[PDB]
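Next up: the same protein chain in two forms, each one alone, written as structure tokens (structure 1, then structure 2).
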Structure 1
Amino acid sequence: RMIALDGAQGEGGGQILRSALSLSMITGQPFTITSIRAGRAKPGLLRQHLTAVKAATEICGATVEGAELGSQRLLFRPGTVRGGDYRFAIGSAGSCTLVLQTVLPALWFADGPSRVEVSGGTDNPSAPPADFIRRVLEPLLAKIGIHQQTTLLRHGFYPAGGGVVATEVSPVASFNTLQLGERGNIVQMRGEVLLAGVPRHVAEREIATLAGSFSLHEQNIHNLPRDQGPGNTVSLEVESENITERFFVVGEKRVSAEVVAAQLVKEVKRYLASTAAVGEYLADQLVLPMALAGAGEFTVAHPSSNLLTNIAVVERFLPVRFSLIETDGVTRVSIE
């Protein structure tokens, strides 16, 4: 009944926490995580973690133990998942899209449609960008039979807060089996820069660097209100026959525009150097919805630590088994 999870190996406050919350809500199985971030200088639950826990609590009327800052043990007993309108505030301490990742899978199982609006940080280097959710994950979720639509309403560039991201979701009626493999041909490359409170030549230089390495069929520069920054991100959308993927980098303080763009070029080339449609990050975000569908597969060039973490937690809550068969430097991930 009570699922016991160990945070000692990493992600106790992160991916394990987020996936455990939603799976717990979905299945009705309570869980306890112990040793949350025990080996970190500031150990246990951090502010952003409690926000995620409190959000899940509100959605399903949960009882919780140990939901305090610095706690290395968390116990969560879910109640019934209610649809409806939710507003969460994670502030600069966290990522809007990570709260969304935490709560949305549960809402696929609510009794009615929901809307979730989260205030806090956007454009975080360690979270799915709102546009990634919208343009990469959501078209695939739709294929799986999950219908949700995310819109960023306001930026609050990391490490600030003040951004706003909202998702509309409806309960799943029926799941489908999504099967992905080879990427197929390029249809177009789309380069993008966002700026807030940063000189416009910075975007021009970033686009120029991208163009240096790729033929860009589309190019976009968006200058946002200064108060939403300072901030700068560069993205590249790879639209292929079989999938659309997206890669982004967050501009750093003392890093030249050219270097920032160079980091993104390297990332995209690494993706293109393999045959797989699904990229490194998307892989970890497909595991949960495919496990819930009971079936599905994709290939990925490099199974990440996060992908494996997610697989393990999912298998703890659901009687599914992932196969990961690697040949020729590409791993086929299949929900048995």
Structure 2
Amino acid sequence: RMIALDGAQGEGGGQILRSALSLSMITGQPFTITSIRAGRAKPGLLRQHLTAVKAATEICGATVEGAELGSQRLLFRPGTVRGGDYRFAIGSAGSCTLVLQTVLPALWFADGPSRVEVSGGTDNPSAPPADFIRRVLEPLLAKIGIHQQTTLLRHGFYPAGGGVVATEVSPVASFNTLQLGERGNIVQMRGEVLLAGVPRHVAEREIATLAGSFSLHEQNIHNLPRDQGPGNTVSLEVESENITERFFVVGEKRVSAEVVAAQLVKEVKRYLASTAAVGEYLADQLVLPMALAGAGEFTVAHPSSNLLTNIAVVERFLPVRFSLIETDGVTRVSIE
């Protein structure tokens, strides 16, 4: 029939819509969603979300209502998913990777390989950076039997954007079972600073802060002598025995370089303070792929609203069921 979704679910952001689009294309099940981001400062469909809808529409030849900027209602009726070479432009500093997050799962079930290229923002503060997708998520997808490779072609910063991200995807031959338990011992911690159109000395200060708190196996400075810009992100990649995570902070307008590294340090020690293998963000991004695979599990310290939202949406579209059991401040998310 028709699946009616409440956009106010969880934190009431764009996540429910992106996950809905993915699952609708895959299952063929049509859906309607009201109150899309209705509680936000900038409510309704933004350029990122509209581009996500337009991308999903082009890929499966969908019947759509309300695909417009600021629209808080969408009706989406999917058709047949087609593999191929796709290109989309957000037209702002909107997250390229979140647009990719939307349509990539559908292409896992295509006839042949596909490629999707999206232009826009590349290092948004509240989205997975292309480097996170490539180095954290995708190695885990591969273990599940999903083959996609993401490449950042060009960096785009707020507010101009102009960045470019592309992903290559092959159809899934066979799904597998990935079971992530405790995080296990730390193998390496790599610190990285991205610079573009901002003072050079900034990077050296930020790395010094990191090394004092963890001692980095790598201290990397990546200058972008182009515009590009202006932009600055500080990352910390945490490689443990059974998993690799990555945390980042975007150096902003007013804030000093000394503190942006410090708040990254706090965020990382928070992750380290738990035995949880998966961070709060990666947790919500593993729900759909594990659901589609029919099995799998992971541990996370504190299940976010986006995590629980993705679970709820999945359960509406798929016959899979998630159990969430907490053991000593750590939550095991498993498919029953």
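By rigid core we mean the largest C-alpha set that fits within 1.5 Å across both forms. Numbering for residues begins at 1 and runs along the sequence of structure 1.
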**Asked** Just one of 159, 197, 139, 171 has a CA that shifts 2 Å or more between structures 1 and 2 on a core fit; which is it?
**Response** 159
**Request:** Examine residue 54 after superposing the rigid core and state whether its CA is displaced by 2 Å or more between structures 1 and 2.
**Result:** no
**Message:** Tell me whether residue 39 is among the residues that move between structures 1 and 2 (Cα shift of 2 angstroms or more, core superposed).
**Reply:** yes
**Prompt:** After the core is overlaid between structures 1 and 2, has the C-alpha of residue 323 moved by 2 angstroms or more?
**Reply:** no
**Prompt:** After superposition on the rigid core, what is the displacement of the C-alpha atom of residue 13 between structures 1 and 2, in Å?
**Reply:** 5.5
**Request:** Superpose the two forms on the rigid core, then give the C-alpha shift of residue 94 between structures 1 and 2 in Å.
**Result:** 1.2
**Message:** Keeping the rigid core superposed, can you check how far the CA atom of residue 109 moves between structures 1 and 2, in angstrom?
**Reply:** 0.9
